[PDB]
Structures are given as structure tokens and as C-alpha cells.
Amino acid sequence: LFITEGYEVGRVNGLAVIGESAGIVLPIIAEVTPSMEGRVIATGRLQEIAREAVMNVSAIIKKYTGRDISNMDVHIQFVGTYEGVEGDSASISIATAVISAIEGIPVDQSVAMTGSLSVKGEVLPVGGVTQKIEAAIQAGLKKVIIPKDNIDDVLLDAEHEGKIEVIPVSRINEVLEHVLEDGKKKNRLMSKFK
């Protein structure tokens, strides 16, 4: 259902929790088209989660970089079906995808990410961080971005630490920097974070 290597525009490997206690990799795609009032189009089990996240991150989608979300239709899918899955609020993976789709700048697939984006651009802690890292290990992901406030919640058993890089972050700019493909477009998007 997800790619572990390479870069893809508008595609991010999020992490979620399947029922009571395993993590799963939650791949999302986002695309954006002119509104032609702009809607968020999402379907399935996690559709209200997606629409909510895009609504929360809308000022940072404009009030840093460029476009008003009310002038686009934003098309989101989770790749697969995830009954019994709880996704993060204001999930950073959905934000990154949408910013990735808009900028047309590809996202590294080998890096998984979990976190809640505040409306001020902070990355807030989330549950299930150990379960989620473990799922990223079992999937072959190289790195996992997590909330800095979750650093202490990671309780991996010797062997597993070492199997993946855990990158803790505070700010949405740190997430983009770590996952957006290098190049002039990124260098320019990156300078706009002030």
C-alpha cells in the first residue's frame, strides 16, 4: 500500500494505530486543482479526520507560503482501507502532503512521520508513538519523524533502536526540511518560514 524509497509529489507515509495496540503505516496522497468554493474531497473511514486536518492547517498553508485553500479543491485519499484505525488529529502527514502537492515538491517515502500540527505551526505530541515506530521498523522505513514532546514515550527493546532513525521535531518547518526533496524550490520554500 505504500512505498519505502524514492520521492513522490503529494505522498506521505503517516503512522496510525490499528485498533487497540499495533501501529500501521498510513499512506496518504493529496492533489490540488483550481476550484473553478474550494472543498476538501475525502472518502472512507478517515474522511472527517482528513477534512478536519486540512481545515486546521489552512492558515499555515497560506499564512506562510502562497495559496488560499478556499480557491482550490483538495483531493485526499488514504491508500488502502483502514477500518478500526485511529489517525492523528491535525495530522502532520496530511499537512506535508498538501504542501508538497501545492509546491509540486516531492516527499521522501523512506521517512515516516507522526504528529499533530498546531494552528501556530508547532508539532504537538500524539499517542501510540512506540507502536507506531515499531510499525515503521516492520515496514522497512529508514527514519521516523515524531513530536519532540514524545521523545520520552519511545520504549524500544534493544535491537529495534538502531533499526530506525527517530527524528524529533517542534515545528512544521523541521518536518518539511527533513522530507522535501532538495533543490531550489525547497530552498525557496524553506526561506519563507520566519
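Note that the rigid core is defined as the largest set of C-alphas that superpose within 1.5 Å between two forms. All residue numbers are counted from 1 along the displayed sequence.
When the other structures are laid on the shown form by the rigid core, the stretch among 46-54 and 149-157 with the greater C-alpha deviation in 4 other deposited structures of this protein turns out to be 46-54. Two stretches, 57-65 and 124-132, are weighed by how far their CA atoms sit from the shown form in 4 other deposited structures of this protein after rigid core superposition; the farther one is 57-65. In this entry, no coordinate-free residues of the deposited sequence separate residue 151 from residue 152. Mean CA temperature factor is higher for 58-66 when stretches 40-48 and 58-66 are set side by side in the entry. For the two regions 49-57 and 163-171, the entry's Cα B-factors average higher over 49-57. Taking the PDB entry at face value, the top CA B factor among 100, 109, 89, 81 belongs to 89.
Among all modelled residues in this chain, the alpha-carbon of residue 27 has a temperature factor (C-alpha) in the lowest third.
In the PDB entry, a CA B factor belonging to the lowest third of its chain's modelled residues is recorded for residue 77. Ranked against the other modelled residues of its chain, the C-alpha B-factor of residue 181 as given in the entry falls in the lowest third. Residue 114: CA B factor in the middle third of modelled residues in this chain (values from the PDB entry). In this PDB entry, residue 34 carries a Cα temperature factor that places it within the highest third of its chain's modelled residues.
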